[PDB]
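A.B. asks: Input start.cif, format and content: mmCIF, C-alpha atoms.
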data_start
#
loop_
_atom_site.label_atom_id
_atom_site.label_comp_id
_atom_site.auth_asym_id
_atom_site.auth_seq_id
_atom_site.Cartn_x
_atom_site.Cartn_y
_atom_site.Cartn_z
CA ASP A 3 8.74 2.95 17.93
CA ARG A 4 12.32 3.13 19.20
CA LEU A 5 13.04 -0.23 17.56
CA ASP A 6 12.32 1.32 14.15
CA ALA A 7 14.67 4.26 14.79
CA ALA A 8 17.61 1.93 15.50
CA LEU A 9 17.01 -0.18 12.36
CA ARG A 10 15.75 2.62 10.10
CA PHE A 11 19.12 3.48 8.55
CA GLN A 12 20.11 -0.07 7.59
CA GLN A 13 16.63 -0.93 6.29
CA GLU A 14 16.58 2.19 4.11
CA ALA A 15 20.11 1.48 2.86
CA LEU A 16 19.14 -2.10 2.03
CA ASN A 17 15.99 -1.00 0.17
CA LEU A 18 17.93 1.66 -1.75
CA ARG A 19 20.57 -0.92 -2.70
CA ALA A 20 17.84 -3.25 -3.98
CA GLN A 21 16.24 -0.45 -6.02
CA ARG A 22 19.58 0.59 -7.53
CA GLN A 23 20.31 -3.08 -8.26
CA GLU A 24 17.04 -3.28 -10.19
CA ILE A 25 17.92 -0.10 -12.08
CA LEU A 26 21.38 -1.42 -13.01
CA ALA A 27 19.94 -4.74 -14.16
CA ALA A 28 17.40 -2.84 -16.26
CA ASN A 29 20.31 -0.96 -17.81
CA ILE A 30 22.01 -4.29 -18.57
CA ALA A 31 18.84 -5.84 -20.04
CA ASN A 32 18.12 -2.86 -22.31
CA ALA A 33 21.70 -2.64 -23.58
CA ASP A 34 20.61 -3.38 -27.16
CA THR A 35 17.61 -1.03 -27.34
CA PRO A 36 18.46 1.80 -29.77
CA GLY A 37 17.75 5.16 -28.16
CA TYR A 38 17.77 3.91 -24.57
CA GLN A 39 19.47 6.17 -22.03
CA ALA A 40 21.33 4.59 -19.13
CA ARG A 41 19.71 5.76 -15.90
CA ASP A 42 21.00 5.62 -12.33
CA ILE A 43 20.40 7.11 -8.89
CA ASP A 44 22.77 8.94 -6.56
CA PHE A 45 22.80 6.61 -3.57
CA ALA A 46 23.94 9.07 -0.89
CA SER A 47 21.49 11.88 -1.72
CA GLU A 48 18.50 9.54 -1.92
CA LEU A 49 19.57 7.93 1.36
CA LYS A 50 19.58 11.39 2.95
CA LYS A 51 16.15 12.08 1.47
CA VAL A 52 14.58 8.84 2.73
CA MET A 53 16.20 9.07 6.18
CA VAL A 54 15.19 12.71 6.71
CA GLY A 62 2.86 10.28 6.90
CA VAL A 63 -0.51 11.43 8.34
CA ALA A 64 -2.72 8.30 8.68
CA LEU A 65 -6.30 9.50 8.16
CA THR A 66 -8.40 9.48 11.38
CA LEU A 67 -10.75 6.50 11.98
CA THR A 68 -13.74 7.61 14.14
CA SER A 69 -15.43 4.16 14.37
CA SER A 70 -15.15 0.53 13.09
CA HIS A 71 -16.75 0.98 9.62
CA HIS A 72 -14.49 3.97 8.83
CA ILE A 73 -11.83 2.83 6.31
CA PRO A 74 -8.16 3.54 7.30
CA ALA A 75 -5.90 5.69 5.04
CA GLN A 76 -4.62 3.77 1.95
CA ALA A 77 -0.88 4.20 1.16
CA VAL A 78 0.46 4.58 -2.44
CA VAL A 83 13.34 8.32 -6.05
CA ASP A 84 14.72 10.45 -8.90
CA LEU A 85 16.64 8.91 -11.80
CA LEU A 86 19.77 10.63 -13.10
CA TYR A 87 21.11 10.02 -16.59
CA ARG A 88 24.54 8.46 -16.88
CA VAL A 89 27.17 10.53 -18.68
CA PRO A 90 27.96 8.65 -21.92
CA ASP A 91 31.54 7.58 -22.55
CA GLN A 92 31.55 6.39 -26.15
CA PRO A 93 29.17 7.65 -28.86
CA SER A 94 27.28 4.78 -30.46
CA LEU A 95 25.34 5.14 -33.72
CA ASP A 96 21.98 3.81 -32.45
CA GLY A 97 21.81 6.27 -29.55
CA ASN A 98 22.42 3.64 -26.85
CA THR A 99 24.63 5.04 -24.09
CA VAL A 100 24.83 1.88 -21.95
CA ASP A 101 28.47 0.89 -21.35
CA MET A 102 29.09 -2.74 -20.43
CA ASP A 103 32.18 -2.35 -18.24
CA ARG A 104 30.99 0.57 -16.12
CA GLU A 105 27.63 -0.96 -15.25
CA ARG A 106 29.09 -4.44 -14.72
CA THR A 107 31.45 -2.99 -12.11
CA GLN A 108 28.58 -1.01 -10.56
CA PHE A 109 26.41 -4.15 -10.50
CA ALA A 110 29.10 -6.17 -8.71
CA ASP A 111 29.68 -3.33 -6.24
CA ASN A 112 25.96 -3.01 -5.50
CA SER A 113 25.73 -6.76 -4.92
CA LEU A 114 28.64 -6.55 -2.47
CA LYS A 115 27.11 -3.60 -0.62
CA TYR A 116 23.73 -5.34 -0.42
CA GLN A 117 25.45 -8.32 1.19
CA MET A 118 27.27 -5.99 3.61
CA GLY A 119 24.01 -4.30 4.58
CA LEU A 120 22.39 -7.69 5.16
CA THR A 121 25.34 -8.66 7.37
CA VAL A 122 25.16 -5.45 9.43
CA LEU A 123 21.38 -5.63 9.88
CA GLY A 124 21.56 -9.29 10.87
CA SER A 125 24.30 -8.54 13.39
CA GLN A 126 22.22 -5.77 14.96
CA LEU A 127 19.14 -8.00 15.19
CA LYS A 128 21.20 -10.88 16.63
CA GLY A 129 22.67 -8.58 19.27
CA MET A 130 19.22 -7.30 20.21
CA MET A 131 18.19 -10.96 20.48
CA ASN A 132 21.04 -12.19 22.69
CA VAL A 133 20.37 -9.23 24.97
CA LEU A 134 16.90 -10.69 25.54
CA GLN A 135 17.61 -14.43 25.57
CA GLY A 136 17.89 -15.86 29.08
CA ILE B 256 -88.33 4.61 16.85
CA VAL B 257 -89.65 0.97 16.66
CA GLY B 258 -90.98 1.01 20.24
CA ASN B 259 -90.43 -0.96 23.46
CA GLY B 260 -90.75 -4.74 22.81
CA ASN B 261 -91.19 -4.19 19.07
CA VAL B 262 -87.56 -5.10 18.62
CA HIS B 263 -85.52 -8.15 19.67
CA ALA B 264 -81.82 -8.73 18.95
CA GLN B 265 -79.27 -11.39 19.91
CA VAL B 266 -75.50 -11.26 19.44
CA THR B 267 -72.89 -14.02 19.13
CA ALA B 268 -69.17 -13.23 19.28
CA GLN B 269 -66.18 -15.20 18.02
CA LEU B 270 -63.40 -14.11 20.37
CA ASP B 271 -59.60 -14.36 20.50
CA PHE B 272 -58.17 -16.14 23.56
CA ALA B 273 -54.81 -17.04 21.96
CA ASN B 274 -51.71 -15.37 23.40
CA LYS B 275 -49.62 -13.93 20.55
CA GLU B 276 -46.27 -12.14 20.73
CA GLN B 277 -44.69 -10.49 17.70
CA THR B 278 -41.43 -8.65 16.98
CA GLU B 279 -41.15 -6.73 13.70
CA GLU B 280 -37.94 -5.43 12.11
CA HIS B 281 -37.99 -3.05 9.13
CA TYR B 282 -35.05 -1.76 7.09
CA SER B 283 -35.39 1.28 4.86
CA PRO B 284 -34.07 0.52 1.35
CA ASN B 285 -30.79 2.19 0.41
CA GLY B 286 -30.35 1.06 -3.21
CA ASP B 287 -30.73 4.63 -4.51
CA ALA B 288 -27.60 6.77 -4.10
CA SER B 289 -29.74 9.78 -3.10
CA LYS B 290 -31.14 8.24 0.10
CA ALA B 291 -28.07 6.09 0.90
CA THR B 292 -26.25 6.95 4.13
CA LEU B 293 -22.52 6.26 4.13
CA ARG B 294 -19.80 5.94 6.76
CA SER B 295 -16.73 5.08 4.67
CA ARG B 296 -16.16 4.94 0.92
CA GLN B 297 -13.07 3.95 -1.07
CA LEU B 298 -13.12 4.67 -4.81
CA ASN B 299 -9.99 3.65 -6.73
CA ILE B 300 -10.17 4.74 -10.39
CA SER B 301 -7.56 3.96 -13.03
CA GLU B 302 -7.57 4.73 -16.77
CA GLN B 303 -4.44 3.79 -18.75
CA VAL B 304 -5.20 4.93 -22.30
CA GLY B 305 -2.63 3.75 -24.84
#
Can you give me the file's structure in the form of structure tokens?
C.D. replies:
Amino acid sequence: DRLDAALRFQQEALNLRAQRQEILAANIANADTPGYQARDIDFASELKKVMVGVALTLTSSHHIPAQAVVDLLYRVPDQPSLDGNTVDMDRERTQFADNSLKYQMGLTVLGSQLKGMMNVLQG
Amino acid sequence: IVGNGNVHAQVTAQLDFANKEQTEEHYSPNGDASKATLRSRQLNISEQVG
């Protein structure tokens, strides 16, 4: 559908921001686990990958339709801890706040596009 | 064999003058996997051994 193509980029950006938000909050929650590595995703490359499948064929009514079913990069440690935990509070707190801001911005842009498509139709 | 007149027989008949109509439906059993005919089959299998 053409409607999907217009809203594909913002939807994928919003979903990627939510996933990275979950990853950052997991990094915050597991700050005290000894031996836990701080993981993160490269937002731009994954957004390229998602932006850049074959529903199985249903011959009749009984035939069952096809059933549907990111890469994590390690953060470079800054300070060496003794328990092997590489999670840094300041870095991930700033990243968490930034991801929240960008999620809000994506919501704003997507809502503006939908509202414009709506006022085009209203009449 | 017995001869003309050396035999007499009489017959009575209970007849059927009742109009009956019947429709029969039969389904072949398919409980055995060998004779079971299938159109679509979804088999989700999961084994999380710890």
A.B. asks: Starting from the PyMOL selection byres ((chain A and resi 104) around 12), expand the selection into actual residues of this file and give them as an MDAnalysis selection string.
C.D. replies: chainID A and resid 26 29:30 40 42 88:92 99:103 105:111
A.B. asks: Contacts from chain A to chain B, 9 Å maximum, all atoms listed in the file: show me the residue list as an mmCIF file with C-alpha atoms, in the frame of the given file.
C.D. replies:
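File selection-v9.cif, as written:
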data_model
loop_
_atom_site.group_PDB
_atom_site.id
_atom_site.type_symbol
_atom_site.label_atom_id
_atom_site.label_comp_id
_atom_site.auth_asym_id
_atom_site.auth_seq_id
_atom_site.Cartn_x
_atom_site.Cartn_y
_atom_site.Cartn_z
ATOM 1 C CA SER A 69 -15.430 4.160 14.370
ATOM 2 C CA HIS A 71 -16.750 0.980 9.620
ATOM 3 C CA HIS A 72 -14.490 3.970 8.830
ATOM 4 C CA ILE A 73 -11.830 2.830 6.310
ATOM 5 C CA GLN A 76 -4.620 3.770 1.950
#
A.B. asks: Show which residues sit within 8 Å of region 4-13 of chain A, as a list in words. Count only C-alpha atoms, and ignore same-chain residues fewer than 6 positions away.
C.D. replies: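 After dropping sequence-adjacent residues, the list is residues 53, 119, 122 and 123 of chain A.
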A.B. asks: For C-alpha atoms, I'd like the residues from the last selection saved as a PDB file, keeping the file's coordinate frame.
C.D. replies:
ATOM      1  CA  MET A  53      16.200   9.070   6.180  1.00  0.00           C
ATOM      2  CA  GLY A 119      24.010  -4.300   4.580  1.00  0.00           C
ATOM      3  CA  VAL A 122      25.160  -5.450   9.430  1.00  0.00           C
ATOM      4  CA  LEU A 123      21.380  -5.630   9.880  1.00  0.00           C
TER       5      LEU A 123
END
A.B. asks: What is the CA of residue 41 (chain A)-CA of residue 85 (chain A) distance in Å, reported with one decimal?
C.D. replies: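 For CA of residue 41 (chain A) relative to CA of residue 85 (chain A), the distance reads 6.0 Å.
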A.B. asks: Using only C-alpha atoms, can you tell me which of A:54, A:95, A:75, A:67 comes closest to residue 35 (chain A)?
C.D. replies: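 Answer, going by the shortest atom-to-atom distance: A:95.
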A.B. asks: Please rebuild region 266-300 of chain B with N, CA and C atoms and return the result as a compact mmCIF listing (two decimals), in the coordinates of the input.
C.D. replies:
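The resulting file, out18.txt, is reproduced below:
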# COMPACT_ATOMS: atom_id res chain seq x y z
N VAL B 266 -76.85 -11.42 19.96
CA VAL B 266 -75.50 -11.26 19.44
C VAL B 266 -74.69 -12.50 19.81
N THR B 267 -73.90 -13.00 18.87
CA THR B 267 -72.89 -14.02 19.13
C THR B 267 -71.53 -13.47 18.71
N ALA B 268 -70.50 -13.80 19.48
CA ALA B 268 -69.17 -13.23 19.28
C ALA B 268 -68.14 -14.35 19.20
N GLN B 269 -67.35 -14.34 18.12
CA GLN B 269 -66.18 -15.20 18.02
C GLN B 269 -64.97 -14.43 18.53
N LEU B 270 -64.41 -14.87 19.65
CA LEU B 270 -63.40 -14.11 20.37
C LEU B 270 -62.01 -14.71 20.15
N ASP B 271 -61.01 -14.01 20.67
CA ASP B 271 -59.60 -14.36 20.50
C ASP B 271 -58.97 -14.55 21.87
N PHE B 272 -58.77 -15.80 22.27
CA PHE B 272 -58.17 -16.14 23.56
C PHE B 272 -56.80 -16.81 23.37
N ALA B 273 -56.11 -16.46 22.29
CA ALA B 273 -54.81 -17.04 21.96
C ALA B 273 -53.75 -15.97 22.21
N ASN B 274 -52.80 -16.28 23.09
CA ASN B 274 -51.71 -15.37 23.40
C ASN B 274 -50.72 -15.30 22.25
N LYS B 275 -50.56 -14.12 21.65
CA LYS B 275 -49.62 -13.93 20.55
C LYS B 275 -48.62 -12.83 20.89
N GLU B 276 -47.36 -13.08 20.53
CA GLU B 276 -46.27 -12.14 20.73
C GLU B 276 -45.53 -11.99 19.41
N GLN B 277 -45.26 -10.75 19.01
CA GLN B 277 -44.69 -10.49 17.70
C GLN B 277 -43.63 -9.40 17.79
N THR B 278 -42.51 -9.62 17.10
CA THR B 278 -41.43 -8.65 16.98
C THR B 278 -41.20 -8.39 15.50
N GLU B 279 -41.25 -7.12 15.10
CA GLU B 279 -41.15 -6.73 13.70
C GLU B 279 -39.92 -5.87 13.50
N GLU B 280 -39.12 -6.19 12.48
CA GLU B 280 -37.94 -5.43 12.11
C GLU B 280 -38.08 -4.95 10.67
N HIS B 281 -37.85 -3.66 10.45
CA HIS B 281 -37.99 -3.05 9.13
C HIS B 281 -36.73 -2.27 8.80
N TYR B 282 -36.20 -2.49 7.60
CA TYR B 282 -35.05 -1.76 7.09
C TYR B 282 -35.47 -0.89 5.92
N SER B 283 -35.13 0.39 5.98
CA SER B 283 -35.39 1.28 4.86
C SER B 283 -34.44 0.95 3.71
N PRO B 284 -34.95 0.84 2.48
CA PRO B 284 -34.07 0.52 1.35
C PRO B 284 -33.07 1.64 1.09
N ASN B 285 -31.86 1.25 0.69
CA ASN B 285 -30.79 2.19 0.41
C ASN B 285 -30.15 1.95 -0.96
N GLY B 286 -30.88 1.32 -1.88
CA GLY B 286 -30.35 1.06 -3.21
C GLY B 286 -30.16 2.29 -4.06
N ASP B 287 -30.87 3.38 -3.76
CA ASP B 287 -30.73 4.63 -4.51
C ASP B 287 -29.64 5.45 -3.83
N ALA B 288 -28.72 5.99 -4.63
CA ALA B 288 -27.60 6.77 -4.10
C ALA B 288 -28.05 8.06 -3.42
N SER B 289 -29.26 8.54 -3.70
CA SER B 289 -29.74 9.78 -3.10
C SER B 289 -30.15 9.62 -1.65
N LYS B 290 -30.73 8.48 -1.28
CA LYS B 290 -31.14 8.24 0.10
C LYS B 290 -30.18 7.33 0.86
N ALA B 291 -29.02 7.01 0.29
CA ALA B 291 -28.07 6.09 0.90
C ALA B 291 -27.19 6.85 1.88
N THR B 292 -27.11 6.36 3.11
CA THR B 292 -26.25 6.95 4.13
C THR B 292 -24.95 6.16 4.23
N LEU B 293 -23.83 6.88 4.21
CA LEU B 293 -22.52 6.26 4.13
C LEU B 293 -21.66 6.65 5.33
N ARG B 294 -20.83 5.70 5.76
CA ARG B 294 -19.80 5.94 6.76
C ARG B 294 -18.39 6.00 6.19
N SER B 295 -18.05 5.09 5.28
CA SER B 295 -16.73 5.08 4.67
C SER B 295 -16.87 4.62 3.23
N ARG B 296 -16.07 5.22 2.35
CA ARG B 296 -16.16 4.94 0.92
C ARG B 296 -14.77 5.04 0.31
N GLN B 297 -14.35 3.98 -0.37
CA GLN B 297 -13.07 3.95 -1.07
C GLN B 297 -13.33 3.74 -2.55
N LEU B 298 -12.88 4.68 -3.37
CA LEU B 298 -13.12 4.67 -4.81
C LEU B 298 -11.77 4.80 -5.52
N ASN B 299 -11.23 3.67 -5.97
CA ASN B 299 -9.99 3.65 -6.73
C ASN B 299 -10.33 3.61 -8.22
N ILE B 300 -9.88 4.61 -8.97
CA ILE B 300 -10.17 4.74 -10.39
C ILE B 300 -8.86 4.81 -11.16
